[PDB]
Amino acid sequence: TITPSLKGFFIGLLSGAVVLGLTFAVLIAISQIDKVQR
Amino acid sequence: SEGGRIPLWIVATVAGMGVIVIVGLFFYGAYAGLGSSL
Amino acid sequence: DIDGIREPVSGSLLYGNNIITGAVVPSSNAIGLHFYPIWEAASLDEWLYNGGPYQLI
Amino acid sequence: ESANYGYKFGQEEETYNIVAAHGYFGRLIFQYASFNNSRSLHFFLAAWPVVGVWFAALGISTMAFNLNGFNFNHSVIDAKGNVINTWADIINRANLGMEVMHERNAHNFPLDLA
Amino acid sequence: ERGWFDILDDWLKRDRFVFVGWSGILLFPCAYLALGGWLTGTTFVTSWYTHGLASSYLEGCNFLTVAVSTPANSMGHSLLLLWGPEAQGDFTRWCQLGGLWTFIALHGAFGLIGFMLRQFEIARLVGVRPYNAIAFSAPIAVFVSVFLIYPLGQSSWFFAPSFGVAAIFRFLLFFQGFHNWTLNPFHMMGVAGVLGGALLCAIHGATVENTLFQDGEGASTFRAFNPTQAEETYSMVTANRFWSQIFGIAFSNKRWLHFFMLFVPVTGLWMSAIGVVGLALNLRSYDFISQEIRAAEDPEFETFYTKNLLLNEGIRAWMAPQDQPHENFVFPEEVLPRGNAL
Amino acid sequence: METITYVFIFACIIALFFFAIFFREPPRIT
Amino acid sequence: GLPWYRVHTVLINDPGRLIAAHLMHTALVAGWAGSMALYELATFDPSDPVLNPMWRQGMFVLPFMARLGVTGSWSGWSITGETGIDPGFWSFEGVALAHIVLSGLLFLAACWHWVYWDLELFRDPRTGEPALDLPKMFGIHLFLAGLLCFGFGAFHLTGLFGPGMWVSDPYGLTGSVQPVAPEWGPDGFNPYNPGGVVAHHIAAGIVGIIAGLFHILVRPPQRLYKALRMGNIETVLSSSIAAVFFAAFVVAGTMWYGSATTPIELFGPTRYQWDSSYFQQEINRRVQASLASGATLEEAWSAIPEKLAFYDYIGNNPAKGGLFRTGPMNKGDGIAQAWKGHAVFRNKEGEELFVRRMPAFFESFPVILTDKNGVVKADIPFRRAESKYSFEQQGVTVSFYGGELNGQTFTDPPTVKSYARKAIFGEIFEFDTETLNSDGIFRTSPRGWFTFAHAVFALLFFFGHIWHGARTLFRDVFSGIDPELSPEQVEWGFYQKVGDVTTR
Amino acid sequence: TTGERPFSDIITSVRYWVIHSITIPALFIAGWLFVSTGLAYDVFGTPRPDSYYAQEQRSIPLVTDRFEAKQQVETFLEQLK
Amino acid sequence: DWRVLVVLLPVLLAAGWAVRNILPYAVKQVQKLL
Amino acid sequence: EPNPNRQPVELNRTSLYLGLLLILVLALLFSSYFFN
Amino acid sequence: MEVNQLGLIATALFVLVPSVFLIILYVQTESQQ
Amino acid sequence: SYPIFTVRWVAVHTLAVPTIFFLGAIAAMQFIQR
Amino acid sequence: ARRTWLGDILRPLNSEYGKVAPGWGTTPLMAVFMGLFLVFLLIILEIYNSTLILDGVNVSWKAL
Ligand code: CLA
Ligand code: CLA
Ligand code: CLA
Ligand code: CLA
Ligand SMILES: C=Cc1c(C)c2cc3nc(c4c5[nH]c(cc6nc(cc1[nH]2)C(C)=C6CC)c(C)c5C(=O)[C@@H]4C(=O)OC)[C@@H](CCC(=O)OC/C=C(\C)CCC[C@H](C)CCC[C@H](C)CCCC(C)C)[C@@H]3C
Ligand SMILES: CCCCCCCCCCCCCCCC(=O)OC[C@H](COP(=O)(O)OC[C@@H](O)CO)OC(=O)CCCCCCCCCCCCCCC
Ligand SMILES: CC1=C(/C=C/C(C)=C/C=C/C(C)=C/C=C/C=C(C)/C=C/C=C(C)/C=C/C2=C(C)CCCC2(C)C)C(C)(C)CCC1
Ligand SMILES: CC1=C(/C=C/C(C)=C/C=C/C(C)=C/C=C/C=C(C)/C=C/C=C(C)/C=C/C2=C(C)CCCC2(C)C)C(C)(C)CCC1
Ligand SMILES: CCCCCCCS[C@@H]1O[C@H](CO)[C@@H](O)[C@H](O)[C@H]1O
Ligand code: OEX
Ligand SMILES: [Ca+2]
Ligand SMILES: [Cl-]
Ligand SMILES: [Cl-]
Ligand SMILES: [Fe+2]
Ligand SMILES: [Mg+2]
């Protein structure tokens with residue numbers, strides 16, 4: 001069954017994905033705007 | 001404004017004196033209130 | 001007899017010590033800060049009992 | 001071959017590139033946290049351990065006159081007056097165990113004054 | 001190909017005031033959280049429910065006595081995730097139960113990984129050999145052995161070191177009383193590496209500073225150096241003669257000298273880490289059996305080795321009830337080991 | 001035997017010092 | 001010339017002599033396993049699997065033979081106590097003989113591959129230079145590992161064609177080798193479910209077969225090939241060392257905490273079973289069950305198996321040893337002969353008192369006796385002059401139930417104090433200290449030694465991964481940095497992107 | 001130099017001080033009030049000086065179970081009357 | 001909880017003041033990089 | 001069949017003195033524990 | 001003293017085997033040109 | 001001629017902002033009485 | 001170099017040194033599998049650790 005701690009594991013997993021997701025989303029956007037001149 | 005108006009030696013003196021005030025307050029606290037043994 | 005209480009401590013290899021436990025043992029508490037050269041002892045055997053070598057070293 | 005054969009005793013030219021090392025170490029932290037002057041870098045290497053060991057020697061030398069470490073035994077007290085232990089009090093428990101056991105036959109009176 | 005990956009690679013490796021890199025994605029959040037968590041906990045968080053100790057500025061402790069303390073022994077080796085089954089997502093309970101200790105220890109571990117990846121990353125971009133990253137393996141080995149392996153060998157995180165000045169002092173003293181850690185030859189090698197490393201640091205810096213060439217006219221000799229100059233700034237030949245005549249031997253190879261300076265402290269820290277791995281299992285160098293057999297049978301036999309065990313026995317009996325509260329040790333006065341009078 | 005072993009090892013090290021000092025590789029300037 | 005720490009680099013571009021060195025290493029390791037088993041067999045005492053099991057005797061490889069189904073000697077004995085068994089060829093001796101013969105065969109193969117190093121197979125067909133296609137070698141070797149993994153779980157562990165593995169009850173009383181069915185549900189990931197071990201090898205093996213076919217048929221992407229230097233064999237060394245210390249840490253932990261693959265009848269109890277009084281609780285439950293069913297106190301304790309009681313003794317706790325206390329545990333407290341029985345202490349008022357047990361942390365520990373509420377009622381004083389809890393003052397007696405002292409009661413203080421000093425160690429045993437000249441000082445078990453060695457090695461191999469990974473990624477500057485390194489690339493502001501000359 | 005305005009430039013400009021003569025005192029005062037209102041105690045679960053012990057009790061409220069540790073602490077907190 | 005707005009009001013009154021003095025310069029910095 | 005990968009090995013005198021010193025000191029350190 | 005008797009040969013081989021290794025390497029370096 | 005909001009700006013303020021807040025909290029603690 | 005019967009049979013298995021797939025190839029598929037494997041290790045670690053507790057999974061010797 002879905003124990004309270006299995007629920008906690010899912011909440012932990014989705015939290016990390018969100019944190020990593022927003023981090024790379026911000027980084028990719030910023031890198032697309034402030035490009036190096038070659 | 002004009003990035004260089006206030007002389008740096010004044011800046012350093014005022015910042016220095018503020019450090020002294022805040023660290024003195026901490027040593028005062030060692031002799032009064034919590035953690036004073038009294 | 002480091003602490004001056006007639007309780008001698010063994011420091012040397014021949015008297016049961018290894019490299020880790022061995023020592024030259026400090027001079028006796030009965031001597032305090034008195035100067036204890038060989039010639040202030042009545043014998044070498046006295047000097048050794050009282051930790052004379054520590055001072056010399 | 002060992003890279004040590006790339007230096008010859010007494011050669012006039014330096015054997016490494018201090019601009020490269022500064023360029024690396026400057027980026028590891030930030031540029032102004034790194035030495036570019038070999039003379040002041042090596043002075044720092046001398047001064048830090050020497051000054052520190054001077055203070056250690058002065059510690060033993062001043063505790064020789066029984067000016068001891070900070071004592072915070074029972075410094076924290078609650079509203080009623082109960083002792084609230086800190087890590088300093090745990091250190092004190094260990095010190096007591098050393099105190100009462102050391103030179104177990106040498107003291108006749110309750111205080112170890114030297 | 002100039003896809004999003006290469007564009008991002010460009011931005012991460014810009015030459016800015018603080019270099020970032022790919023390694024910075026791991027390094028900066030984990031280093032920042034580890035530090036912030038230590039500052040947060042030493043300022044605001046108690047150790048009452050895990051240790052019976054006050055441990056924060058808010059409670060009246062000072063810089064020497066604040067700590068972030070280990071969790072209670074009943075937590076075992078629990079990761080103590082905030083959303084885990086112990087705290088159940090409650091931030092306040094999580095603090096009271098010791099959650100900040102795993103938080104700091106784990107983010108710290110990954111921060112150190114991030115720092116070493118940064119040394120590799122910057123070295124590859126600048127074009128230097130990665131010996132600085134290799135030397136940093138020793139602090140990582142110490143952190144990992146002392147803060148992770150050691151408690152994992154023991155009953156719980158409780159017995160890991162707590163993150164505080166006086167808390168660490170208690171750890172040193174615990175290791176003398178229970179492990180006889182001064183007797184351990186792996187610690188002895190670590191001491192030699194640390195003290196010999198300090199020795200090398202002082203003596204190399206003093207030698208360079210006192211064999212300088214006069215490359216300028218000022219009494220302050222620092223000004224007479226240019227980073228791009230080709231010549232050595234001090235005389236290896238004179239340095240070599242002085243030390244040969246003072247001490248018998250001297251360095252003659254400057255590359256060997258500086259490798260040796262890498263080698264000595266690094267190797268010593270690695271040796272001490274191996275000893276602590278042993279102590280994780282109570283695999284101590286506690287006794288010399290031959291000394292004990294003689295001393296048991298001969299009450300006149302006494303060495304500094306037997307003297308120190310009496311000290312360890314005092315430490316154990318006098319600190320254990322307070323230091324291990326979950327054990328509920330009640331030692332009546334009459335059982336406490338004590339010498340005469342004291 | 002332990003005592004003999006300890007003193008033997010110590011004596012070798014002292015002999016090592018002698019050779020390391022007086023029969024070292026001579027440093028040569030080039 | 002080559003410095004001494006580099007002599008083995010002559011094999012980097014010589015695949016035939018690399019195989020010879022690998023063959024010779026494999027012969028040495030196989031030889032060690034054969035000679036270790038022979039030495040163990042010449043010293044092992046099979047006569048008492050109850051109080052003198054293999055883990056009391058310093059046996060290291062014997063448990064690993066027993067774990068996978070080798071339990072008997074050609075001489076007719078078995079580790080579970082049976083006599084008159086015929087183990088077939090695959091006795092402990094037959095296993096050791098096969099490793100010795102394998103070692104000699106591999107030695108001869110090594111000589112052949114050393115001499116005939118210049119085989120056309122090791123040359124690139126286009127360029128004629130020595131060359132190994134490591135991407136495809138991985139797939140081949142991964143495919144073989146998959147097959148072996150799968151066949152081990154599917155046939156050997158299941159008993160479909162093979163012996164199975166060592167399984168036991170939760171208290172390590174009735175261990176034996178048994179066929180094990182795989183567990184396919186979530187409990188298969190329980191480290192204490194042996195069916196999980198069977199399912200892992202069936203399912204990881206199949207994945208390895210699939211993955212192996214993939215790395216055989218699909219070339220590496222250019223971007224990974226460049227990034228990882230897949231033309232450089234030292235990149236395989238670096239990643240292989242990384243996998244190897246990962247695995248060493250895992251086997252060290254599962255040996256310390258216990259699992260289905262580290263049974264206590266082969267390696268001894270864990271430290272945590274003493275921390276939590278795991279065995280003492282089962283002992284007391286069985287004694288309570290007996291008393292509940294009308295048995296007397298002497299019948300309740302006489303029914304406890306000696307083997308169960310022996311686990312409830314700190315001398316079998318692996319956390320009680322010392323780094324330089326060498327040899328079998330029998331060299332310390334002696335060879336266990338009999339359970340003396342359960343000591344029960346009482347005071348002059350007839351209250352039962354309980355000795356406080358020694359925690360594993362403590363080399364020595366005071367003798368303290370409490371009532372059932374934890375109130376101190378007697379002890380052995382240090383300072384006598386203000387003692388109030390002395391055995392003499394409190395009238396402490398000891399009575400034994402079960403074991404060789406069953407039914408006896410002692411009342412003289414010095415004998416009662418002697419038994420109470422033993423009681424801090426848990427259940428009390430009679431030991432033969434003479435046969436081995438035991439010194440009375442505790443030693444750790446094979447569980448301790450295994451854990452120590454593999455944790456230390458795992459940590460050292462971490463340094464190996466760092467070193468060889470550094471050498472792989474920085475090969476171009478191994479002998480120094482470029483003499484013509486311009487200041488512009490290392491000073492700030494010249495290039496927009498660090499290291500990139502196209503951003504000036 | 002890597003493009004950013006020099007620090008000596010910034011901290012000697014009137015505008016820097018116009019902004020930071022507000023923002024620095026304001027953060028300081030926010031930290032003060034976090035303690036002075038008692039909020040810091042309740043965020044972090046730190047005892048006040050009158051909350052380490054019940055009036056007569058001398059035992060530590062030590063957590064002794066792993067999965068009921070949260071209830072143990074809440075129970076210990078009720079027992080303060 | 002009144003204490004949360006008493007502790008955050010000095011923080012948010014500081015972040016508001018630094019915007020009135022930096023907005024004519026920040027608009028100029030973001031438009032320049034676009 | 002002359003294998004072309006062979007290289008001479010060296011150990012200079014200074015390295016001999018350093019190696020002997022390490023070995024002898026390590027033995028002086030560990031011998032007490034070997035005897036126990 | 002009741003020391004472990006294996007300590008003697010353990011210490012002796014600990015010194016001798018690695019010292020011999022270095023002596024072999026050094027002497028064949030000298031004998032080279 | 002110079003940008004205001006950079007990575008160095010962010011790094012400086014993630015450390016400096018909480019440091020001033022914590023200093024105010026610790027200053028307040030010096031007047032707490034048991 | 002020396003040909004042998006067994007060498008001739010194994011020749012095709014050591015003939016593609018240096019052969020690569022253009023660009024990124026299957027790297028994204030590899031990333032997905034690595035991410036799955038991380039979640040897998042995380043699960044078995046947390047089960048062993050008693051941070052993840054499942055019905056009918058009793059991490060104890062009492063599971064025989
Ligand atoms: C950026 C680097 C970084 C890293 C490496 C870590 C690492 C860690 N954090 Mg930290 N943390 C970070 C940044 C980071 N943190 C930041 C920016 C914050 C502020 C928000 C925090 C705030 C924080 C808190 C409050 C806590 C941690 C904790 C932890 C530890 C456990 C985390 C965990 O289990 O996640 C597991 C999650 C993942 C591994 C995500 C991986 C995603 C996979 C690869 C893809 C699949 C996801 C999929 C798309 C979603 C499916 C959902 C579905 C199943 C329902 C671990 C050491 C915990 C701790 O320290 O306990 C003591 C803890 O309580 N962190
Ligand atoms: C489908 C059914 C199935 C079942 C029932 C199992 C069952 C099992 N698997 Mg298997 N597995 C399967 C399929 C299956 N597997 C498949 C298809 C694959 C892909 C090939 C795997 C790949 C795999 C791996 C890689 C591992 C397992 C393991 C296991 C065992 C886990 C219990 C345990 O003891 O963990 C104990 C191990 C862990 C909980 C993992 C810990 C990892 C550590 C924490 C990472 C940290 C490393 C770091 C460097 C350490 C230093 C830190 C320290 C210094 C502080 C269990 C027998 C584990 C095992 O064999 O354990 C003995 C294991 O490591 N499986
Ligand atoms: C995985 C490795 C391993 C493990 C865990 C064991 C475990 C065991 N062995 Mg076995 N053994 C092994 C490999 C191993 N062995 C090998 C490779 C051999 C062939 C030599 C043997 C031959 C052997 C014999 C002949 C015997 C054993 C016995 C035993 C048992 C007692 C162990 C003991 O007292 O050690 C004591 C451990 C130490 C004293 C630790 C040594 C620490 C070293 C010296 C540190 C060196 C540090 C180094 C100098 C640092 C350099 C620093 C520099 C780089 C700066 C124990 C079950 C005994 C037994 O009871 O059999 C029934 C027994 O008689 N073993
Ligand atoms: C799979 C394991 C493995 C393999 C195949 C290699 C292979 C290599 N190593 Mg690497 N290395 C490893 C693991 C490995 N290493 C580990 C775990 C570490 C950390 C300890 C290192 C740290 C390391 C360094 C610092 C260096 C190498 C170097 C080398 C190269 C030259 C080696 C040599 O000539 O030594 C010659 C060695 C001797 C002549 C005597 C060594 C005696 C040892 C120290 C004690 C004896 C131990 C005993 C005999 C065996 C115990 C087995 C053990 C696993 C239980 C060679 C490619 C060198 C290199 O890169 O050259 C360019 C180099 O400088 N390695
Ligand atoms: C206690 C002694 C000690 C400290 C405090 C220390 C500190 C440091 N060492 C560094 C470097 C090094 N140390 C090295 C060799 C050594 N370092 C040694 C011992 C120390 N080294 C020794 C003995 C050696 C000889 C082998 C080398 C070769 C380097 C470097 O190259 C590197 C450097 O740059 O030097 C200038 C820096 C790494 C910065 C970093 O990781 O940021 C990131 C921050 C992170 C990842 C946070 C980690 C969090 C930590 C691990 C846990 C939390 C700690 C709390 C916040 C504070 C607790 C404090 C209480 C205990 C009182 C840092 C200044
Ligand atoms: C001025 C007070 C100095 C007190 C401490 C002494 C510092 C220097 C001694 C180190 C000797 C190491 C071996 C010699 C190494 C050696 O040869 O040094 C040489 C080095 C350079 O020599 P120069 O000839 O160029 O200059 C020295 C004189 O000739 C003056 O020109 O000397 C200095 O730089 C002296 C600096 C004095 C100014 C120091 C100011 C004090 C700062 C203290 C801050 C920390 C306080 C304690 C906090 C915990
Ligand atoms: C934990 C946690 C977290 C985090 C947090 C953070 C990140 C924080 C930070 C914080 C901080 C960041 C803080 C800081 C502080 C600081 C301070 C408090 C300082 C002080 C200082 C001083 C006091 C000084 C002194 C001195 C010195 C040192 C030397 C010189 C002289 C003088 C005296 C000046 C989160 C939320 C994520 C989640 C939950 C948990
Ligand atoms: C030829 C031939 C043969 C024979 C063979 C043989 C007879 C073999 C043997 C083999 C062997 C018999 C081997 C052995 C080996 C061993 C080894 C290889 C060992 C090693 C060791 C080690 C490595 C150790 C180390 C250590 C020490 C010493 C101390 C402590 C620490 C350690 C652990 C590290 C036959 C008829 C079959 C057939 C074919 C032909
Ligand atoms: C000898 C005093 C009379 C009381 C019995 C003492 C506790 S029991 C005694 O203890 C010895 C040490 O473990 C063992 O060697 C021996 O087998 C055992 O009989
Ligand atoms: O002599 Mn050596 O130790 Ca200086 O305290 Mn008093 O005295 Mn004795 O007691 Mn503690
Ligand atoms: Ca009051
Ligand atoms: Cl003393
Ligand atoms: Cl006195
Ligand atoms: Fe230098
Ligand atoms: Mg105060």
Side-chain angles (χ1 to χ4, degrees), chain G residues 2 6-30 102-148 212-220 222 224-226 228-241 243-244 468-469 471-473 475-476 478, chain J residues 1-9, chain M residues 1-21:
Chain G
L2 282 181
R6 294 191 191 157
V7 291
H8 288 165
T9 61
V10 298
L11 308 168
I12 287 174
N13 289 307
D14 195 343
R17 291 201 170 175
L18 181 61
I19 294 174
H22 285 177
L23 278 167
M24 182 64 55
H25 184 263
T26 310
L28 286 166
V29 173
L102 179 60
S103 170
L105 295 186
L106 296 169
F107 176 93
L108 296 174
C111 297
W112 192 93
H113 273 288
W114 185 262
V115 173
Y116 300 102
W117 59 269
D118 198 27
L119 297 180
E120 182 60 52
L121 181 64
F122 306 141
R123 297 315 182 90
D124 183 294
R126 294 168 308 284
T127 66
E129 287 294 294
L132 295 160
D133 186 23
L134 306 164
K136 201 184 282 170
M137 295 176 32
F138 175 68
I140 296 169
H141 292 165
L142 182 59
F143 180 83
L144 293 186
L147 303 174
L148 224 50
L213 285 166
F214 166 84
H215 291 97
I216 281 174
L217 300 172
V218 175
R219 297 308 300 187
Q222 217 275 331
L224 298 184
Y225 195 102
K226 275 174 50 186
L228 285 173
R229 320 286 203 272
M230 298 187 191
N232 183 345
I233 186 167
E234 199 163 5
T235 208
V236 181
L237 186 53
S238 178
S239 46
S240 291
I241 284 163
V244 151
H468 289 293
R471 268 188 45 96
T472 302
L473 296 171
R475 182 175 165 199
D476 51 312
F478 178 68
Chain J
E1 289 291 320
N3 185 296
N5 297 275
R6 286 175 282 164
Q7 294 260 319
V9 183
Chain M
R2 185 179 282 91
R3 290 182 83 202
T4 69
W5 160 80
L6 176 63
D8 297 332
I9 288 170
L10 294 171
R11 240 281 82 103
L13 301 178
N14 198 40
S15 65
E16 298 189 285
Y17 183 74
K19 199 163 176 62
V20 296

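In what follows, chains are A, B, ... by sequence order, proteins preceding strands, each numbered from 1. Keep in mind that the numbers below use all heavy atoms, side chains included, and drop hydrogens, waters and symmetry copies.
The main-chain N or O of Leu228(G) is found under 3.5 Å from a side-chain atom of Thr235(G) such that the two form a donor-acceptor pair.
Heavy atoms only, all atoms of each residue included: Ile233(G) and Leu134(G) are closest at CA-CD1, 3.8 Å. When all heavy atoms of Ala131(G) and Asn14(M) are compared, the closest pair comes out as O-ND2, 2.9 Å. When all heavy atoms are compared, the tightest approach of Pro220(G) to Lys19(M) is CD-O, 3.8 Å.
Among the candidates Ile9(M), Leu10(M), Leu6(M), the single residue satisfying the side chain to side chain contact (heavy atoms under 4.5 Å, CB included) test with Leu121(G) is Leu10(M).
Checked by atom type, the side-chain pair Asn5(J)/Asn13(G) shows no donor-acceptor distance below 3.5 Å.
In this structure, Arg6(G) places its CZ atom where more than 12 heavy-atom neighbours from other residues, nucleotides or ligands lie under 6.0 Å away. Within a 6.0 Å radius of CZ in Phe214(G), other residues, nucleotides and ligands contribute more than 12 heavy atoms. For CZ of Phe107(G), the number of neighbouring non-hydrogen atoms (other residues, nucleotides, ligands) closer than 6.0 Å is 12 at most.
Contact check on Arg2(M) versus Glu1(J) returns a salt bridge, with a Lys/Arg side-chain nitrogen under 4.0 Å from an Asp/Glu carboxylate oxygen. A salt bridge between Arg475(G) and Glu234(G) is absent, with no side-chain N of the basic residue lying under 4.0 Å from a carboxylate O of the acidic one. With respect to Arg123(G) and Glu129(G), no salt bridge is recorded, no charged nitrogen being found less than 4.0 Å from a carboxylate O.
The NE2 atom of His215(G) lies 14.0 Å from the CE atom of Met137(G); values are rounded to the nearest 0.5 Å.
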>> Using the rule given for salt bridge (charged side-chain N to carboxylate O under 4.0 Å, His left out), can you reason through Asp118(G) versus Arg17(G), listing the C-alpha separation, both sets of side-chain angles and the distance that settles it, and then say yes or no?
In response: CA-CA 9 Å; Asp118(G) 198 27; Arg17(G) 291 201 170 175; over 6 Å; no

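In this pair, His113(G) and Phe122(G) present their aromatic rings tilted. The plane angle is within the 30 to 60° band.
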